[PDB]
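Structure, as structure tokens:
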Amino acid sequence: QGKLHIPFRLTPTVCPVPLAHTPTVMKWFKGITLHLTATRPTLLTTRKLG
Amino acid sequence: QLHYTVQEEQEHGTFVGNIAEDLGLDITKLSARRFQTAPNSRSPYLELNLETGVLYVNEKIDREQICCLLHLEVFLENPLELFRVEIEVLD
Amino acid sequence: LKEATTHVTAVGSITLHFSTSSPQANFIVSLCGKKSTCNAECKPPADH
């Protein structure tokens with residue numbers, strides 16, 4: 001018989017995300033060591049450029 | 001972070017504050033950067049012009065329904081930025 | 001080499017910078033089209 005609107009639609013916006021403490025590099029022969037400080041679980045990813 | 005004031009029982013469409021002027025934003029590029037009211041902070045008593053960036057009174061102000069401060073948020077693209085506006089209501 | 005062109009006077013000297021991947025630096029450089037051979041003994045780098 002009719003249609004009613006579903007209010008409160010999902011719109012894009014901007015919102016901040018934390019920036020973790022940048023690690024210290026302890027580079028060595030064909031390798032690096034990252035000393036990581038993270039009060040909360042943060043995601044680290046690595047990939048080779050080959 | 002923006003501080004503005006309105007009077008008690010103020011008429012609709014009256015001036016509140018120039019957001020684009022106080023932020024130092026250029027006037028000819030609000031639409032190019034997609035000036036828009038943030039969906040989290042929606043105020044029925046306030047409305048802002050997208051072209052000029054000037055805040056205006058939308059509905060008639062009433063402390064009894066409000067009570068205090070009025071909170072609003074705007075967001076811009078390229079770069080992604082967020083700004084906060086707070087309005088004090090006199091009695 | 002690092003540089004592509006240089007301004008030359010009637011007499012004198014010019015300095016250039018270059019990057020190599022060889023343990024020795026034996027290569028032909030052309031200045032104004034004239035060729036010359038450079039001989040050296042390159043050292044491994046300190047930075048890992």
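Following the order of the structure tokens, chains are lettered A, B, ..., residues in each are numbered from 1, and ligands are numbered from 1.
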> Near residue 36 of chain A, within 10 Å and counting only C-alpha atoms, which residues show up once chain neighbours fewer than 4 positions away are dropped, as a list in words?
Replying inline: residues 20, 21, 22, 23, 24, 25, 42 and 44 of chain A
Store the residues picked out above, limited to N, CA and C atoms, as a PDB file, in the first residue's frame.
ATOM      1  N   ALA A  20      50.801   5.903  15.495  1.00  0.00           N
ATOM      2  CA  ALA A  20      51.623   5.215  16.476  1.00  0.00           C
ATOM      3  C   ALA A  20      52.997   5.866  16.592  1.00  0.00           C
ATOM      4  N   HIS A  21      53.696   5.513  17.665  1.00  0.00           N
ATOM      5  CA  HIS A  21      55.069   5.957  17.866  1.00  0.00           C
ATOM      6  C   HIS A  21      55.958   5.330  16.801  1.00  0.00           C
ATOM      7  N   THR A  22      56.661   6.169  16.043  1.00  0.00           N
ATOM      8  CA  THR A  22      57.465   5.675  14.936  1.00  0.00           C
ATOM      9  C   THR A  22      58.646   4.860  15.458  1.00  0.00           C
ATOM     10  N   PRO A  23      58.950   3.725  14.836  1.00  0.00           N
ATOM     11  CA  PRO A  23      59.987   2.843  15.374  1.00  0.00           C
ATOM     12  C   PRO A  23      61.385   3.370  15.105  1.00  0.00           C
ATOM     13  N   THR A  24      62.346   2.769  15.796  1.00  0.00           N
ATOM     14  CA  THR A  24      63.758   3.060  15.601  1.00  0.00           C
ATOM     15  C   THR A  24      64.393   1.916  14.827  1.00  0.00           C
ATOM     16  N   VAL A  25      65.130   2.254  13.786  1.00  0.00           N
ATOM     17  CA  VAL A  25      65.733   1.265  12.904  1.00  0.00           C
ATOM     18  C   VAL A  25      67.136   0.947  13.401  1.00  0.00           C
ATOM     19  N   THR A  42      48.514  -2.482  17.057  1.00  0.00           N
ATOM     20  CA  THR A  42      48.582  -1.789  15.777  1.00  0.00           C
ATOM     21  C   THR A  42      49.123  -2.741  14.721  1.00  0.00           C
ATOM     22  N   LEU A  44      51.232  -4.058  11.630  1.00  0.00           N
ATOM     23  CA  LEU A  44      52.472  -3.892  10.886  1.00  0.00           C
ATOM     24  C   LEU A  44      52.445  -4.812   9.677  1.00  0.00           C
TER      25      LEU A  44
END
Taking a cut-off of 12 Å and counting only C-alpha atoms, can you build a table that, for each residue of chain C near chain A, reports the nearest atom pair and how far apart they are in Å (one decimal), sorted by chain then residue number, as a Markdown table?
| residue | atom | partner | partner_atom | distance |
| --- | --- | --- | --- | --- |
| C:45 | CA | A:29 | CA | 11.0 |
| C:46 | CA | A:29 | CA | 10.0 |
| C:47 | CA | A:28 | CA | 8.4 |
| C:48 | CA | A:29 | CA | 5.3 |
> DSSP on the backbone: what in chain B comes out strand (DSSP E or B), as a count of residues only?
Replying inline: 35
> Got a sec to pull out which chain B residues are within 7 Å of chain A, counting only C-alpha atoms, and send them as an MDAnalysis selection string?
Replying inline: chainID B and resid 38 75 80:82
Got time to write the residues from that selection, N, CA, C and O atoms, as an mmCIF file, in the first residue's frame?
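Here's the written file part36.cif:
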data_model
loop_
_atom_site.group_PDB
_atom_site.id
_atom_site.type_symbol
_atom_site.label_atom_id
_atom_site.label_comp_id
_atom_site.auth_asym_id
_atom_site.auth_seq_id
_atom_site.Cartn_x
_atom_site.Cartn_y
_atom_site.Cartn_z
ATOM 1 N N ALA B 38 29.028 17.980 8.842
ATOM 2 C CA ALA B 38 29.317 16.621 9.287
ATOM 3 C C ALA B 38 28.034 15.935 9.746
ATOM 4 O O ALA B 38 27.227 16.550 10.453
ATOM 5 N N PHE B 75 33.275 19.156 7.614
ATOM 6 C CA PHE B 75 34.375 18.381 7.063
ATOM 7 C C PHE B 75 34.624 18.778 5.614
ATOM 8 O O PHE B 75 33.695 19.081 4.861
ATOM 9 N N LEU B 80 41.609 15.955 3.582
ATOM 10 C CA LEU B 80 40.516 15.632 4.489
ATOM 11 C C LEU B 80 40.734 16.338 5.822
ATOM 12 O O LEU B 80 41.709 16.058 6.526
ATOM 13 N N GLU B 81 39.831 17.255 6.166
ATOM 14 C CA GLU B 81 39.960 18.050 7.378
ATOM 15 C C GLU B 81 38.616 18.117 8.089
ATOM 16 O O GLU B 81 37.558 18.014 7.467
ATOM 17 N N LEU B 82 38.670 18.291 9.408
ATOM 18 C CA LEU B 82 37.480 18.383 10.242
ATOM 19 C C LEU B 82 37.601 19.595 11.152
ATOM 20 O O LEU B 82 38.677 19.866 11.691
#
>> With DSSP run on the backbone, what are the helix (DSSP H, G or I) residues within chain B? I'd like them as a list in words.
In response: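 Restricting chain B to helix (DSSP H, G or I) produces residues 19, 20, 21, 22, 63, 64, 65 and 66 of chain B.
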For the residues in that selection, give me N, CA and C atoms as a compact mmCIF listing (two decimals), in the first residue's frame.
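Final output, saved to selection_5.txt:
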# COMPACT_ATOMS: atom_id res chain seq x y z
N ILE B 19 32.19 31.06 8.74
CA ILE B 19 33.14 29.97 8.95
C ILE B 19 34.31 30.09 7.99
N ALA B 20 34.04 30.40 6.72
CA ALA B 20 35.10 30.44 5.72
C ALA B 20 36.07 31.58 5.98
N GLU B 21 35.59 32.70 6.53
CA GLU B 21 36.47 33.82 6.82
C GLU B 21 37.36 33.55 8.03
N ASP B 22 36.79 32.94 9.08
CA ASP B 22 37.56 32.71 10.30
C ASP B 22 38.61 31.62 10.11
N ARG B 63 15.71 28.05 24.97
CA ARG B 63 16.53 27.42 26.01
C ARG B 63 15.83 26.25 26.68
N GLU B 64 14.50 26.32 26.83
CA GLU B 64 13.76 25.28 27.53
C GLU B 64 13.87 23.94 26.81
N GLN B 65 13.82 23.95 25.48
CA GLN B 65 14.05 22.72 24.73
C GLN B 65 15.53 22.36 24.68
N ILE B 66 16.41 23.36 24.69
CA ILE B 66 17.85 23.09 24.61
C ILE B 66 18.39 22.62 25.95
>> Can you tell me which residues surround segment 5-14 of chain C at a distance of at most 10 Å, considering only C-alpha atoms, apart from same-chain residues fewer than 2 positions away, and format the answer as a list in words?
In response: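 Final neighbour list, sorted by chain and number: residues 2, 3, 16, 31 and 32 of chain C.
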Could the residues in this selection be written to a file with N, CA, C and O atoms, as a PDB file, in the first residue's frame?
ATOM      1  N   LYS C   2      76.322  11.900 -11.926  1.00  0.00           N
ATOM      2  CA  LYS C   2      75.215  12.662 -11.357  1.00  0.00           C
ATOM      3  C   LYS C   2      74.823  13.817 -12.267  1.00  0.00           C
ATOM      4  O   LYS C   2      73.632  14.082 -12.470  1.00  0.00           O
ATOM      5  N   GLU C   3      75.806  14.508 -12.833  1.00  0.00           N
ATOM      6  CA  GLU C   3      75.561  15.649 -13.698  1.00  0.00           C
ATOM      7  C   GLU C   3      75.437  15.202 -15.151  1.00  0.00           C
ATOM      8  O   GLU C   3      75.950  14.156 -15.555  1.00  0.00           O
ATOM      9  N   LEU C  16      83.057  15.975 -10.799  1.00  0.00           N
ATOM     10  CA  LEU C  16      81.816  15.265 -11.067  1.00  0.00           C
ATOM     11  C   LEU C  16      81.586  14.211  -9.996  1.00  0.00           C
ATOM     12  O   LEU C  16      82.531  13.716  -9.375  1.00  0.00           O
ATOM     13  N   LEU C  31      83.652  13.907 -22.138  1.00  0.00           N
ATOM     14  CA  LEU C  31      83.491  15.341 -21.935  1.00  0.00           C
ATOM     15  C   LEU C  31      83.529  16.001 -23.303  1.00  0.00           C
ATOM     16  O   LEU C  31      84.515  15.853 -24.029  1.00  0.00           O
ATOM     17  N   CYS C  32      82.442  16.695 -23.660  1.00  0.00           N
ATOM     18  CA  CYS C  32      82.290  17.365 -24.958  1.00  0.00           C
ATOM     19  C   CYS C  32      82.453  16.398 -26.133  1.00  0.00           C
ATOM     20  O   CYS C  32      82.819  16.807 -27.237  1.00  0.00           O
TER      21      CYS C  32
END
> So which residues touch residue 14 of chain B within 6 Å, counting only C-alpha atoms, skipping near sequence neighbours fewer than 2 positions away, as a PyMOL selection string?
Replying inline: chain B and resi 12+56-57
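Pairwise distance (atom CA of residue 86 of chain B, atom CA of residue 67 of chain B) equals 15.0 Å.
What separates atom CA of residue 48 of chain B from atom CA of residue 26 of chain B is a distance of 16.4 Å.
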> So how far away is atom CA of residue 23 of chain C from atom CA of residue 42 of chain C, in Å?
Replying inline: 5.2 Å
>> With only C-alpha atoms as the counted atoms, please give the residues lying no more than 12 Å from residue 19 of chain A, apart from itself and same-chain residues fewer than 4 positions off, as a PyMOL selection string.
In response: chain A and resi 23+37-40+42-43
>> Need the shell around residue 18 of chain C: protein/DNA/RNA residues with any atom at most 12 Å away, counting only C-alpha atoms. Skip same-chain ones fewer than 2 positions apart. Format as a ChimeraX atom specification?
In response: /C:1-4,15-16,20-22,25,27,29,38,42
Atoms kept (N, CA, C and O atoms) for selection, written as a compact mmCIF listing (two decimals), in the first residue's frame:
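result_19.txt written:
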# COMPACT_ATOMS: atom_id res chain seq x y z
N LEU C 1 76.96 8.94 -13.95
CA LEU C 1 77.30 10.22 -13.37
C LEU C 1 76.08 10.87 -12.73
O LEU C 1 74.94 10.44 -12.94
N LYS C 2 76.32 11.90 -11.93
CA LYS C 2 75.22 12.66 -11.36
C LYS C 2 74.82 13.82 -12.27
O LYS C 2 73.63 14.08 -12.47
N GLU C 3 75.81 14.51 -12.83
CA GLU C 3 75.56 15.65 -13.70
C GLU C 3 75.44 15.20 -15.15
O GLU C 3 75.95 14.16 -15.55
N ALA C 4 74.74 16.02 -15.94
CA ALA C 4 74.52 15.75 -17.35
C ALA C 4 75.33 16.66 -18.26
O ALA C 4 75.91 16.21 -19.25
N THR C 15 84.80 19.01 -11.49
CA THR C 15 84.55 17.87 -10.62
C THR C 15 83.16 17.30 -10.89
O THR C 15 82.22 18.03 -11.21
N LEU C 16 83.06 15.97 -10.80
CA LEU C 16 81.82 15.27 -11.07
C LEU C 16 81.59 14.21 -10.00
O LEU C 16 82.53 13.72 -9.38
N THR C 20 78.22 3.88 -8.63
CA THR C 20 78.60 2.63 -9.28
C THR C 20 78.19 1.46 -8.40
O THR C 20 77.93 1.61 -7.21
N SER C 21 78.12 0.28 -9.02
CA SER C 21 77.83 -0.96 -8.31
C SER C 21 78.97 -1.96 -8.41
O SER C 21 78.81 -3.11 -8.01
N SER C 22 80.11 -1.55 -8.93
CA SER C 22 81.25 -2.41 -9.16
C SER C 22 82.32 -2.18 -8.09
O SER C 22 82.49 -1.07 -7.60
N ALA C 25 86.36 1.04 -10.26
CA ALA C 25 85.84 2.12 -11.10
C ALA C 25 86.75 2.26 -12.31
O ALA C 25 87.68 3.06 -12.33
N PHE C 27 85.96 3.12 -16.07
CA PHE C 27 84.90 3.44 -17.02
C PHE C 27 85.30 4.63 -17.87
O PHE C 27 86.15 5.44 -17.50
N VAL C 29 84.50 8.09 -19.59
CA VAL C 29 83.69 9.30 -19.52
C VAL C 29 83.97 10.15 -20.75
O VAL C 29 85.12 10.26 -21.20
N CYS C 38 88.83 6.12 -16.74
CA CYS C 38 89.05 6.34 -15.32
C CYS C 38 89.31 5.00 -14.63
O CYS C 38 88.57 4.03 -14.84
N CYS C 42 87.43 0.88 -5.78
CA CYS C 42 86.29 1.27 -4.95
C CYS C 42 86.21 0.42 -3.69
O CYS C 42 86.53 -0.77 -3.69
